[PDB]
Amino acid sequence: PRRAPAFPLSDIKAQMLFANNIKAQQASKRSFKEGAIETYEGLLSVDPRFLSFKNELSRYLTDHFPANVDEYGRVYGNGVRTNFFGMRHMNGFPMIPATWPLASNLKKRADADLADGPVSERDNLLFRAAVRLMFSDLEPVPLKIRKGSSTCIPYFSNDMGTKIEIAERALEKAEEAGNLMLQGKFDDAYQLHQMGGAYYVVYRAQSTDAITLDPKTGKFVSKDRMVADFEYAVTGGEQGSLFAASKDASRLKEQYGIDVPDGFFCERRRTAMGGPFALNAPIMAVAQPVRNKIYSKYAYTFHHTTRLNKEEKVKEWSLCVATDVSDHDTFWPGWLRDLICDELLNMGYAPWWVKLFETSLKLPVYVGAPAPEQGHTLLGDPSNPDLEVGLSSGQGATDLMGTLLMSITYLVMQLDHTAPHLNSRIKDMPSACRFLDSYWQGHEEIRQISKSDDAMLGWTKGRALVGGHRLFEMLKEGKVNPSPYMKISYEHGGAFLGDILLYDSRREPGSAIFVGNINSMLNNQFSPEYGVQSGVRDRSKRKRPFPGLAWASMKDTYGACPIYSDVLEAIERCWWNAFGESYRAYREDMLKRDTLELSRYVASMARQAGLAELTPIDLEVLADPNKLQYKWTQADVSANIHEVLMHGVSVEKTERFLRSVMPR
C-alpha cells in the first residue's frame, strides 16, 4: 500500500536540502554522537559520586515514599505516583537504535481501529466550528523567534540577524511560493524561496523513563521502548520490524572506560523535527495570533498558569476525569489537516497560505543518525510532498493542531457517552459555533481544561453527570476505547500540565488540590535533558540559560507537595554521603552566580539588581525555556524576561502579511 521513496545523502534530492556552507554540510553528514552531559558546571552526569548519590537517593525515596494512587488512578496521601528509579540513567548516552520515523500512519490508525474521517455530521461540524472559532478575528503581533534556534533546511543558521532577514523575506515571498505550490511547482517554490524540502530529524533525550526493581531477583528492569527499523518506517508497518531498543549501559565501560553501577541505563530517545524556517515563518505569523485568541476568549479551556488557577475551575466540578492519549503525534490524522485546510478556504483565507500550511504537514523527512552506521537518508520526495507522519514537532502550529484534535475528541466523548440531550444544539454550522463557543468558555454542564494530549474532563450537577460516572468506569475497566479518533485511557495518577490533582478521603474534585510533582523536581535537578553548554558565551542561546535560578522558585513550584521537606532532607543527607558537601550551600552559590549573570541580559536590571521583580514562572523559564514550549506561553512571562529569550520581526511587516492572508 505504497512504500515511501527514500534517497541516500549522495542523491541530488538530499544534496539540495543542505546549502553550500560548513554548518549545513556538517548537519547533513553528522554521524551518531554520544557523551556525558555537563549536568552542572564542572560536574558530569557519569561522575562516580553523582551516580552513588542517585543510587542511594532513588532507593531511599522509593522505599520510604511508595506511590499513593487508587484503583481509579487518583493520587492521594503523599502525592507520589511511581518509584524514584527514573533518575537512574547515564545522561547523554542514548538507547540504541532510535526509531526511524514512520512515513505513513494510515495503517497504524486503521489497525488501531481509529477513524479515517469524522464519523458523523455532528463531529464534522464540531471540527469545522473549532477552525472557525480559532482562526476568525485575529490581531497581528510581532513574529517572535527563539534566540539561538536553527533555521534548519537549507541554511542551518543560528544567527539572529540572518534569522530575521529569512523571516522578513519569507513574509514578502510567501504569496509567490504558495501560488507556485498551487501549480504543483514545489521544486520552484523551494529553490526560489526555501519553502519546502524536508524536516530535519533531531533525536532528543527523555532523560527519565520508567525503571522497576524486580523483588524476585533484586535487579532493575528498564521500560522497553519500541522502535521501527528503516523497512517498517517506509512501508508504514507493512514490512520490516518493530522491536525494543537497547537501554543496556554495560557498553559504556568497554567503549569509554566509564564505570556503570548496577541498575543504570541508557536514555530514551525521541524523534523531534526541525522545520525549514522559510516555510515556518508565514505559519508562525498566523499561529501566534491564534494562541492569543484561544488563551484570551477561551481562557477557561485553554489558558493554564498556576496550580490555583487550575484548582478554581476543577473545584466547581462534581466529577473530574484525567485522560491519557497513546502516542499523540504519530497517531495525529492527516484527514484533520485536510478538513482544517478546507474550512480555512471556506472562511476566505488566502489559498496560497492554506497551501503552505497543508504542505508543512505533508513534508518529507531527513533522517540523521538513529544509531552508529545508520541514517543519512531522505524519506519522501520533496518535488511532491505526500507523507503522513502524523504531527511534525517542528511545524509552526503543532500545539494548535494537537489542541484542535483533542479538544473536539474529548467533547465528542462527553456527547457520545454522557450528554445525548445536547446533540439537538448542534444542527448546522451557526449552531455548532454557538455551542462550541459556550462549551469552551466553561458555560455548559460538560467542561474541560486541555492542552494538546493533556486534559481533565468535567461534569457539574445535571443530566450528563450519571453518564460521566459510567464513562469513568468504562475507562477504569479498559476494555473498550471511548473514542473513534484516538486511543484514550485514564491517567495512572491524574495530573494536568505538571500539577498532580491530590484527592483526600472523599475522592471528590471539591476537596481535591493541585500540587507540584516532586518527581519533576528531581527530574529537573538531577536529570536535565541538556548539559550547561558552558562553551556557549551568550547564555540566552543555551538550552539552560540560568540553571541556578530554579532554586529561588523551587518552594513556590514544589512546596505544596506533601513530602517536599522530606525530599530536600533526603537530598542533603545523600549529597553529604556522596560529595562531603552541603547541596543547599552548593545551590545557594549557583543561585548567587546566576542572579549576578542575569543582570547582564536584562536592560531594566542594574549591575546587582536581584530577583525582586521576577515571578516563579520567570525563574523556571530562565532555568528551562523548554517550559515555554509545552507548559506556559509568552503572556505568563514578564515582558523584560521574554525579551531575554526571544527576538521579533516588526508588527509593521507582520500586520501587512496578515492582511493579505486573512478574509477581507
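In case it trips you up, residue 1 is the first one in the sequence shown, and so on.
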215 to 223 versus 120 to 128 - greater average Cα B-factor per the deposited record: 215 to 223
Given the B-factors recorded for C-alpha atoms, which segment has the greater mean, 277 to 285 or 73 to 81? 73 to 81
Note to self: of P140, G197, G402, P333, the C-alpha temperature factor tops out at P140
Report the option among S527, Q206, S407, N105 whose CA atom has the maximum B-factor in the deposited record. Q206
Within this chain, which third does the Cα B-factor at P48 fall in: lowest, middle or highest? middle
Taking the entry's C-alpha B-factors for this chain, is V644 in the lowest, middle or highest third? middle
Can you tell me which third, lowest, middle or highest, the CA B-factor of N55 falls into for its chain? middle
Hey, what third does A249 fall into on Cα B-factor, ranked over its chain? highest
If you rank every modelled residue in this chain by C-alpha B factor, which third holds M413: lowest, middle or highest? middle
